[PDB]
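Written below as structure tokens is the structure these notes are about.
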Amino acid sequence: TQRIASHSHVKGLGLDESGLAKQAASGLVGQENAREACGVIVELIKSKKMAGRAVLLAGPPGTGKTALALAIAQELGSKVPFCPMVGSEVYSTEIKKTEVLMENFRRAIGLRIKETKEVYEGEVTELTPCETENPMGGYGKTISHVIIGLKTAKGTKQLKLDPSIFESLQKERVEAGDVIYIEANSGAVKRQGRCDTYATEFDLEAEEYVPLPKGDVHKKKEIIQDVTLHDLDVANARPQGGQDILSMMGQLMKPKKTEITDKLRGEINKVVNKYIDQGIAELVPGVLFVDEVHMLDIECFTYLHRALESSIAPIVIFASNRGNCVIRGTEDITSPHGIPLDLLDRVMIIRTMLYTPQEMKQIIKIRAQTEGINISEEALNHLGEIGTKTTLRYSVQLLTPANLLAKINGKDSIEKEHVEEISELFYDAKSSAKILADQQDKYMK
Amino acid sequence: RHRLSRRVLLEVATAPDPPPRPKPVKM
Amino acid sequence: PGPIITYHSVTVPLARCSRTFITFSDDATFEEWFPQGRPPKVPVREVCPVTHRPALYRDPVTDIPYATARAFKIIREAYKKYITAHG
Amino acid sequence: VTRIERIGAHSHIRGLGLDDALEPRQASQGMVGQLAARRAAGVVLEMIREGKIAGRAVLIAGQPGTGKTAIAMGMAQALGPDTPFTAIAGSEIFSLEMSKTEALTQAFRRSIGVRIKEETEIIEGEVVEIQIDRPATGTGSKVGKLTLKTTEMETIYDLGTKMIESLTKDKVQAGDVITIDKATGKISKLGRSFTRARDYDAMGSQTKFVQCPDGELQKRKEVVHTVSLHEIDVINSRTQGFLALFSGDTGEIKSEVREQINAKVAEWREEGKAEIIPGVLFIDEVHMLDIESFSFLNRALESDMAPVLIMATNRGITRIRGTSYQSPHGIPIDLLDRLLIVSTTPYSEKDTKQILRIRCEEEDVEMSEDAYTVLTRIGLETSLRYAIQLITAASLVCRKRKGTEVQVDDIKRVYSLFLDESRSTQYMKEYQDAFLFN
Amino acid sequence: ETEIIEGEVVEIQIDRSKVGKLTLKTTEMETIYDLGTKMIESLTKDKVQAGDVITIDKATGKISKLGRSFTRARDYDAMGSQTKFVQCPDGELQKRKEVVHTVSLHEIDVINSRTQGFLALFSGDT
Ligand SMILES: Nc1ncnc2c1ncn2[C@@H]1O[C@H](COP(=O)(O)OP(=O)(O)O)[C@@H](O)[C@H]1O
Ligand SMILES: Nc1ncnc2c1ncn2[C@@H]1O[C@H](COP(=O)(O)OP(=O)(O)O)[C@@H](O)[C@H]1O
Ligand SMILES: [Mg+2]
């Protein structure tokens, strides 16, 4: 968080309340049409009524595609799931590519569970059965309640409980002076140790003595837990916590991703629907961002048709900087973005354009502000001129070396000389390619 | 800090048995 | 017959409510399951007689709590003097 | 609140929309047009419902966006949940855990259901009073008594030790409506007829009650157990197979196990114990199968346990995967001889407009007639899916400007914002050098 | 930073696995402790006896054996692979342990990947 990454300045899409894109806002400069389209996509995600919709961000490299996706993620917030992914990740040594894609799809669909946990805390002061003056059957003693006195920091309360709790109390070996908690939703007694006020400095027990509970005896709170469908799938496919031989084998054996079946996923879907109907949970459909989609092969592209045609799928955002490239897994088949036309027919294409020198200068200034770097006007103009040739990434990557060089020279700002020296020290792609071409005999291969 | 030395080992081996531990007294 | 614990759940008017009862055949079982133990007593925070700091240790030979190595040495010297005097 | 299932591509398709004579209506149950293909799908559906001919293969072939998957989903919705319907993509059979033939076999056997129907004695009533007497100390024989009540009956039951243990584990109290199966002794609580005593604490908020069951106490009810052939194979392959039913990780099941299961299921069918419910396997984009998978399909369709196989492909004369041979639909001619091909014709203007209207009705989007005309023109010029996406895009744009009906201006706005394949390719040609490769 | 008790075991008395007493000593100190059920079980599991130099973590109660003290009667002719003789600790019975180490994110991932994931930090079967 404290370290500054490549998209650390993107705080969202700089959109007016009417959806029109401001020239410079929220860390984004230019790309007004793409930003407006991404705002429409954000509204689509927030509507939560569409499944399987796909958006392809198409444009030359270094045009804000990843920045736009991260701005969308910022607009949605942390509540909405956002699963970034590169196309190379489908190639796994454990599971098939379609399984990786399906798992990321289920990772993008989140579920928020709200529950109220009501507990009774306290140190047991009293443990008294409530006998009945008329014993049932004539002989012996019959009890109708068990009075348990619970003491906390700021109160003391007595609880008339069901007689059946006497067995739980004996099983937990609960005596006076012990700290216990009873859960209303289950009616069970759990002994969380003995009070620390009865411990002496000469005792050696570690987990036996506990502090007297703070707050009120009756504690109730609303628990909000955010989970994804993939979390439930994984927890059910390779369960952890059993005491049978299969759980022991799972613990012993090396963990391995498996091809989760449609049966388990259908069961998870049924459970999620049941929770939603009960009011416990609320579905939070999020976004799956697949950067470098062109790295997917023909099998992944073919599977994506069925994946997007599903009624449970999230909204998928693709990104590709390729031109009329050859689809991977095929022999000499060319498609406009490296993506077969069948999948391009299922996506909405958002075009990102190149940046004018003024927009490049603005982006450089924003990056300098983010990195805590003071740059003079002449140095900024020179660096923007450097960015007119070479690329924008080279210019934004010369900021920190130049700042270090200035600090070594003893100056608190980057001057033009520092940028010139850094440009001399570090080469861009085009200059290096020129050097390689001029000396192709001396290099290898 | 608490590695044994040959000198300490020889001294302990050669020295007689330690006196018996006194019985606890409630004082 | 024999010593038994009878678990009873009834339907009684409040139009009906459920109540549970537990019946012990003999008073010995009732006392065993419900000893009615009195609340425990807070131990006395012992203090080192030498340095008056709160006690943290307990010399087994003298049963005198202490909180310092110097206090331990003084206590053991006093015990040696007591042995020499009384015999 | 939004359920796990939302508006998808084929959410408007509720069935094939045919009449008794399998004559397709122009617009019914979401389907518009494709009259011949829908009639063929209805004939295939009748063949599936009859369930007498094993290993029939149908290929739905046509241009992209002609309704092949729409027809498959309509068939699936018309079949109903009683008949198995396994829909997979061609890419899904390439697995690091099992062979391609094993994956295809598992897909086939997930599409056949085995149903076992048996009658059991069932006790359903309201618990009035339960008494359980147990020894105070040491191992002993628990003795108990249970009283059950219906609207017309009330019986007092003497309980055995194992039923006592079952009742203790289930924590059955008075007022709980419980179900007891006499054979297995399983007890299932299905509600409370009334509340517990109010004077008790730490009990929680009492839920709603359940009315007491009527009729006799000990009834006889029909219990139906339905599993697929794949589930039987998995649970019989190894001791840990039941977990493999959820984790996958089945490996390759021995052919001996499958032969034994086939023999046993045939014996059950002959003995009237079980009935076989053949279903459908739908392989979308079957052109991704290689030559070995097709060769396996050739002979795997010749079994009497094979289901109806439905394939969809949008390929012309194309190279078969794994070979250098050009074949129609990307499928070898030997497999093409074993299957009937259903062609889908392209949609007209009125069919496109009706499909757009159905989509708008599904998405709860109100659109003007001029907007419908413009959207239909765009769909004819670009594609049907682009217009379908622009439906929702224009709905959102209209809602942003505090409107109620999607106008031509909103459609133009989303047409400018979002590009089709043609305009994107044009703009990429305009800046070809800026893009990386070619 | 962790508080520990460090000393040589003098006597272990257990009454009957219910309650017992443990006597620990240094070169400058000696005290007796009252044991509970879990402490007694942990001491019996590790087979702690007289003459053993052990440390006990106050927070968690885990007992690790550093060595055993040397007496005239412990002149073994053959020794086990883990036994080693150490000097009785000096100073005070209660001590603070400060441990500073550098680990990588990958090491923490491998540690928390499975139940005994630290073994994969040696084998590489991550
Ligand atoms: N319009 C913009 N406004 C602000 N920063 C931008 C803009 N476009 C790109 N950037 C920044 O410049 C860098 C270029 O990367 P990016 O354009 O996201 O790569 P790609 O084009 O592959 O998505 C990123 O770190 C991004 O944060
Ligand atoms: N005849 C039709 N009736 C209703 N909807 C249709 C029809 N044909 C296509 N669609 C819809 O158009 C979209 C794309 O059609 P699809 O069936 O995916 O084309 P393909 O046959 O190439 O798979 C789907 O969402 C589908 O619901
Ligand atoms: Mg299709």
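FYI, residue positions are counted from 1 along the chain as it appears here.
Even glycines carry a Cβ here, placed using N, Cα and C.
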Would you mind telling me which one of D:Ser11, D:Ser237, D:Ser368, D:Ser422 Swiss-Prot calls phosphoserine?
D:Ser422
Of the residues D:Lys100, D:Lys117, D:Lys169, D:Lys429, the one that Swiss-Prot lists under SUMO2 cross-link:
D:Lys429
If you skip the near sequence neighbours and keep only those at least six away, which residues in the chain come within under 8 angstroms of D:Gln63 (ATP binding site), Cβ to Cβ?
D:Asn314, D:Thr344, D:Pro346
Identify which of the following binding-site residues, namely D:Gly62, D:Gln63, D:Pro64, D:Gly65, D:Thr69, place a Cβ less than 6 Å away from any atom of ligand 3, and list them by sequence position.
D:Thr69
Other residues near the ATP site, CB within 8 A of the CB centroid of D:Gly62, D:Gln63, D:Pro64, D:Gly65, D:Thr66, D:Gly67, D:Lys68, D:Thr69?
D:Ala70, D:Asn314, D:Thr344
Would you kindly give the Cα-Cα distance separating D:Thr69 (ATP binding site) and D:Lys429 (SUMO2 cross-link), rounded to the nearest Å?
32
Against chain A, with Cβ pairs under 8 Å, which of the recorded positions D:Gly62, D:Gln63, D:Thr66, D:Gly67, D:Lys68, D:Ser422 show up? Give them in sequence order, please.
none
Whole-number Å only: compute the distance from the Cα of D:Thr66 (ATP binding site) to the Cα of D:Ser422 (phosphoserine).
19
Looking only at C-alpha atoms, tell me how far D:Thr69 (ATP binding site) is from D:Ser422 (phosphoserine), rounded to the nearest Å.
24
Please name the residue among the binding-site residues D:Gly62, D:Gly65, D:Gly67 whose C-beta has the most neighbouring C-beta atoms within 10 angstroms.
D:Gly67
List, in residue order, those recorded positions out of D:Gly65, D:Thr66, D:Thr69, D:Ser422 with a Cβ under 6 Å from any atom belonging to ligand 2.
D:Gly65, D:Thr66, D:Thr69
Give me the Cα-Cα distance between D:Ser422 (phosphoserine) and D:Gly67 (ATP binding site), rounded to a whole Å.
21
Please report the DSSP secondary structure of D:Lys68 (ATP binding site), reduced to three states.
helix
In this structure, which of the recorded positions D:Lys68, D:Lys429 has the fewest other Cβ atoms within 10 Å of its Cβ?
D:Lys429
